[PDB]
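piece number one of the complex, untouched:
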Amino acid sequence: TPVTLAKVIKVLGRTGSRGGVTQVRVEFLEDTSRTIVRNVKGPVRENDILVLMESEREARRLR
Amino acid sequence: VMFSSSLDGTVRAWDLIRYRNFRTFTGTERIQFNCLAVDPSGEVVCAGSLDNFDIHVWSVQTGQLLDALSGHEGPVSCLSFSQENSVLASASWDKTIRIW
Amino acid sequence: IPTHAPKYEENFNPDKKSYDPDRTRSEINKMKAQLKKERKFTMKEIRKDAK
Amino acid sequence: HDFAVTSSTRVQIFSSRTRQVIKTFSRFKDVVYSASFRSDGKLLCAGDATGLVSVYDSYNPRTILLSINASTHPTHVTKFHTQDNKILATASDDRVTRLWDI
Amino acid sequence: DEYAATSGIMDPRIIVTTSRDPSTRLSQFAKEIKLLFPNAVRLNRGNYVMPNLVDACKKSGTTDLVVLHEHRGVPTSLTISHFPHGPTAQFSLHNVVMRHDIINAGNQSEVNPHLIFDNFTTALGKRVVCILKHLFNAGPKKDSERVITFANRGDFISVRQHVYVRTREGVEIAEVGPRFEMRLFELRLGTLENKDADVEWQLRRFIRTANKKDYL
């Protein structure tokens, strides 16, 4: 599949997350408009770019 | 807001609209202060002395002493706060700069 | 496939020392461990009574 | 300035100066057939009667790079590509020859 | 003399650390000492030279250091140090049994504890009650519910820790944590670094009155 690549623009705070995962507002690179709130697992900084299998589902809380 | 730091043992705030003092942070023992810095988001005020080897941190919205953070073994010559990511940089006569 | 039977001890209990065929070097381990545990208990008994 | 002969269960490598074995390898298990340098002249191939053709670095006998099996017939000849540095031709008595890629 | 300056003004902080290449049972016991005190932190001792450890701790401004020594898993000694060139007592341990051996009944309480000292009578008793109570969090509440008992029993400080709760018909108990028969054997006015300071007091093992008297 064509896979997409997206720049983190904000790490979310205060979300009630599973330990380890962190919700994150990431924004795409082939375009520059559409942002989407995924959730990552490892340590994540502001403006690292991460590879996304999907482009149509943002996640939510885990618990 | 502007902060002023003295040898009285006082880091005191100043409002520059009513042109008055409004807060006065002291230590606990009247030591002379020598350099100060303040978080750009004006929530903490840090001062460093000649004779205590520490950095005193005060909250400014409540005047109580927040903490005293250490690590040097000479007097802290100069302080600063980073204007964006709020890390603090101190420099002391231990031939040492330290990032908190 | 080449087939092998097990090497099995019927009525085997790991706590209790079973009937090993070595009368020469294994029952010596049985009675020597018995001697060691009774000599340990006797010297512990006499030193706590000395205390 | 060096050269190899294919003795039985060993390959012997000689110089142009001392005129005797300067290096050799003798941990083959069967009679070996083919010894062949690659065109760069760094490693060398050797095919045996077992059919597990072995390539290993020359000027250092005690290391074996990779011993890959051909067909179970004795690999009679094995020589590298004359200009390519990564494809190796082998032939045993399987009535088929192979261009392996290392 | 080094505690009226900072008696109840600053709450202490304590670093608890093991001897050198410690056992797993010793590290469990050091964790238990960290859970016994408030505001203590267990620090891994490995390749830490004792001079650069002790002055790195004193430039980091901690108040007390508690090293521990062992013998085949059984802990045998501890050492209380006070840092602004304060005194070090050092004690041995005799009947030490731990909750990690006995019962896995969940977590401990970590509340600001109360302190009980039974018949510390002499001047050495006052010095050791000062060196023992100035490593606890200053001024606990009224309804704080864990207490520590340090009972002198013929120079054998029995140490236990209890969680009490008052009924109206009385008060019932649940001990938890460590259990010590510690005893003082040295005390010197320097830190742990020197082995050059003046001996304030150490017990005399070999006089001909080594067993008659108490707080020798």
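Nice, thanks for sending it over. Numbers count the residues shown, from 1 in each chain, chains lettered A, B, ... in the order given.

all contacts plus neighbour counts: C-alpha atoms, from now on.
Will do.

just give the closest residue to residue A:37, not the sequence neighbours.
The spatially closest residue to residue A:37, leaving aside those adjacent along the chain, is residue A:25, at 4.2 Å (Cα to Cα, 6 or more residues apart in numbering or on different chains).

pretty sure that neighbour sits against residue A:40.
No: Residue A:25 lies out of contact with residue A:40 (Cα atoms under 8 Å); the separation is 10.1 Å.

so these two - more neighbours on which side?
A direct count of neighbours by other Cα atoms under 10 Å in any protein chain shown for residue A:25 and residue A:40 places residue A:25 higher, at 18 against 14.

buried residues in the helix or strand hosting that one, which are they?
Element membership for residue A:25, per DSSP states H and E: strand A:22-28. Using 16 or more other Cα atoms under 10 Å in any protein chain shown as the test for burial, strand A:22-28 gives A:22-28.

now stretch A:36-45
A:36-39, A:44.

over to the nearest residue to residue A:27 once chain neighbours are set aside: give its phi and psi.
Of all residues not flanking residue A:27 in the chain, residue A:35 sits nearest, at 4.2 Å (Cα to Cα, 6+ apart). Backbone torsions of residue A:35, given as degrees, to the nearest 10, read phi -100, psi 160.

you'd agree residue A:35 is up against residue A:10?
No: judged on Cα under 8 Å, residue A:35 makes no contact with residue A:10 at a distance of 10.3 Å.

at the contact with chain B, which residues of chain E appear?
E:59-61 (Cα under 8 Å from any Cα of the partner chain).

an error on my part: the question was meant for chain C.
Checking chain C against chain B by Cα under 8 Å from any Cα, there are no hits.

nearest residue to the middle of chain C?
residue C:30 (4.3 Å; Cα atoms, centre = their mean).

you'd agree that residue is in a helix?
Yes: counting by DSSP: H, G, I helix; E, B strand; the rest coil, residue C:30 is found in a helix.

roughly how far apart are the nearest residue to it once chain neighbours are set aside and residue A:61?
For residue C:30, ignoring the flanking residues on the chain, the nearest one in space by Cα to Cα, 6+ apart is residue C:17 at 7.7 Å. Distance, residue C:17 to residue A:61, using Cα to Cα, to the nearest Å: 58 Å.

follow-up on the earlier one: overlap of the contact sets of residue A:35 and residue A:10?
A:25-26 (Cα atoms under 8 Å, 6 or more residues apart in numbering or on different chains).

if we can go back for a sec, buried subset of the residues of chain E next to chain B?
E:59, E:61.

and which of the residues of chain E next to chain B is nearest to residue E:121?
Lowest distance from residue E:121 to the residues of chain E next to chain B (Cα to Cα) belongs to residue E:61, with 32.4 Å.

here's chain F, drop it on:
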Amino acid sequence: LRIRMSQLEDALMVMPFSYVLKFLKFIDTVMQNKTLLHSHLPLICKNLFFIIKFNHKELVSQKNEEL
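Chain F, in position alongside the others:
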């Protein structure tokens, strides 16, 4: 109303841009009602201005004439 002042700044930072969009639709249907608009006006203003200040980069790249 019932969410607090402290965690609000991340409470309406969690939500995606589609939820920002329907929040704008809510702001239309709440300022077409002057009964409760005037009784929650600094709250509505602070929320709306922080929402579009944080989402400004996607807002001005949206292409909707009705928006």
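
same as before for the buried residues of stretch A:36-45, with chain F this time.
Applying 16+ other Cα under 10 Å to stretch A:36-45 flags A:36-39, A:44 as buried.

contacts for that stretch, please.
Against stretch A:36-45 from outside (Cα under 8 Å, 6+ apart): A:8, A:11, A:20-27, A:57-60, F:14, F:16-17.

quick one: distance of that stretch to the chain centre.
5 Å (Cα atoms, centre = their mean, to the nearest Å).

can you count the residues close to the closest residue to chain A within chain C?
Proximity of chain C to chain A (Cα to the nearest Cα) peaks at residue C:14, 43.4 Å away. Each residue near residue C:14 was counted by other Cα under 10 Å, and the total is 6.

same deal with residue E:212?
Residues near residue E:212, counting by other Cα under 10 Å: 7.

equivalent analysis for residue D:39, please.
15.

quick check: closest non-adjacent residue to it.
Using Cα to Cα, 6+ apart, the closest residue to residue D:39 is residue D:82 (6.1 Å).

point me to the residue of chain F nearest chain E.
residue F:6 (29.0 Å).

what's the longest strand along chain E packed up against?
Using DSSP state E to assign secondary structure, the strand with the most residues in chain E is strand E:171-188. Packing contacts for strand E:171-188, counted by 3 or more Cα pairs under 8 Å, 6 or more residues apart in numbering or on different chains; DSSP states H and E, involve helix E:24-36, strand E:88-93, helix E:99-102, strand E:156-166, strand E:199-202.

can you put those in a markdown table and add distance to residue D:102?
Shown next, in a markdown table, are the helices and strands packed on strand E:171-188 (distance: least, Cα to Cα, whole Å):
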| stretch | distance to residue D:102 |
| --- | --- |
| helix E:24-36 | 50 |
| strand E:88-93 | 67 |
| helix E:99-102 | 58 |
| strand E:156-166 | 71 |
| strand E:199-202 | 76 |
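
is the residue lying closest to residue B:96 once chain neighbours are set aside in a helix, a strand, or coil?
Nearest-residue entry for residue B:96: residue B:72, 7.9 Å, with adjacent residues in sequence omitted and distances by Cα to Cα, 6+ apart. Under three-state DSSP, residue B:72 falls in the coil class.

residue B:72: what's it in contact with?
Per Cα under 8 Å, 6+ apart, neighbours of residue B:72: B:53-54, B:92, B:94, B:96, E:59.

picking up where we left off before, quick check: phi and psi on the residue nearest to residue D:39?
Taking degrees, to the nearest 10 as the convention, residue D:82 sits at phi -80, psi -20.

quickly find the element holding the residue of chain C closest to chain A.
Going by DSSP H and E, residue C:14 is not in any helix or strand.

where does it sit relative to residue C:28, distance-wise?
18 Å.

in stretch E:56-73, what counts as buried?
Those would be E:57-59, E:61-70, for stretch E:56-73 by 16+ other Cα under 10 Å.

with the structure above as the base, add chain G:
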Amino acid sequence: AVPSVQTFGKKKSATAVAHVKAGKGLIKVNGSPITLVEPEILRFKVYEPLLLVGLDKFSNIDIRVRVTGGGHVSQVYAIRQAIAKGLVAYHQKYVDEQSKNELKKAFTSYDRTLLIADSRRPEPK
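Putting chain G onto the chains we already have gives this:
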């Protein structure tokens, strides 16, 4: 008399002294040549002060380095620190101070652990 300079260099417990003087270009560690330095895989860790900046700066000086203490990797870090700051101090004193801060720029851009050891540790968290 002859122009010389003595510098030090310290890893954990190894200590390296460097006598750098005006000479013909010989670099010796305890009389051994610089090529014959064990453990043979950090010979380039020893080489990089005289390799980063080119041997033409080493053509007129000769260096003798004594080393004591420490293990293998501590000794090779001590050697390279002593070589580096001996060259820097020689150029600070006897020749071009412009070449001095050229060399200092090169070494600090590569790693300043080749000029200043990181002494004051640990941390009581």
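
re-run the earlier check on the buried residues of stretch E:56-73 with chain G in the model.
For stretch E:56-73, by 16+ other Cα under 10 Å, it's E:56-70.

closest one of the residues you listed to residue G:65?
residue E:56 (32.2 Å).

secondary structure element holding the closest one?
Using DSSP H and E, residue E:56 falls in helix E:50-59.

that helix near chain G anywhere?
Yes: using Cα under 8 Å from any Cα, helix E:50-59 reaches chain G at E:53, E:56-57.

if we can go back for a sec, contact partners of the strand holding residue A:25?
A:4-13, A:15, A:17, A:33-41, A:60.

and residue G:75, how many neighbours?
24.

would you check that it makes contact with residue G:65?
No: using Cα under 8 Å, residue G:75 makes no contact with residue G:65, being 11.1 Å away.

now the common contact residues for those two.
residue G:16.

show me what from chain G comes close to chain E.
Counting by Cα under 8 Å from any Cα, the residues of chain G near chain E are G:121-124.

7 Å instead?
Proximity of chain G to chain E (Cα under 7 Å from any Cα of the partner chain) is limited to residues G:122, G:124.

nearest residue to the middle of chain G?
Note: chain G centre (Cα atoms, centre = their mean) maps to residue G:83, 1.5 Å.

residues touching that residue, list them.
G:18, G:49 (Cα atoms under 7 Å, 6 or more residues apart in numbering or on different chains).

tell me which helix or strand it sits in.
helix G:72-93.

kindly report the same for residue F:51.
helix F:41-54.

next SSE after that helix?
helix F:56-59.

name the helices or strands packed onto that following helix?
Under the contact definition 3 or more Cα pairs under 7 Å, 6 or more residues apart in numbering or on different chains; DSSP states H and E, helix F:56-59 sits against no other helix or strand.

what's in contact with that helix?
Everything outside helix F:56-59 that qualifies as a contact, by Cα under 7 Å, 6+ apart, is A:33-34.

with stretch E:77-87 instead?
So stretch E:77-87 is contacted by E:2, E:58, E:63-70, E:88-93, E:187-192 (Cα under 7 Å, 6+ apart).

for it, how far is the first residue from the last?
End-to-end distance (Cα to Cα), stretch E:77-87: 17 Å.

from the middle of its chain, how far away would it be?
10 Å.

count the neighbours of the residue in chain E positioned nearest to chain A for me.
At 21.0 Å from chain A, residue E:107 is the closest residue in chain E, using Cα to the nearest Cα. Neighbour count for residue E:107, taken as other Cα under 10 Å: 7.

CA atoms only: put the helix or strand that the helix holding residue E:56 is followed by into CSV for me.
Past helix E:50-59, further along toward the C-terminus, the next helix or strand under DSSP H and E is strand E:64-71. Only the C-alpha atoms of strand E:64-71 are listed here, as CSV (Å, rounded to 0.1, in the frame of the first residue of the first chain):
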residue,chain,number,x,y,z
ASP,E,64,21.3,11.7,56.3
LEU,E,65,22.9,8.6,54.8
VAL,E,66,22.2,5.1,55.9
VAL,E,67,24.6,2.4,54.6
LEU,E,68,23.9,-1.2,55.3
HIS,E,69,26.2,-4.2,55.6
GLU,E,70,25.4,-7.9,55.3
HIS,E,71,26.6,-11.5,55.9
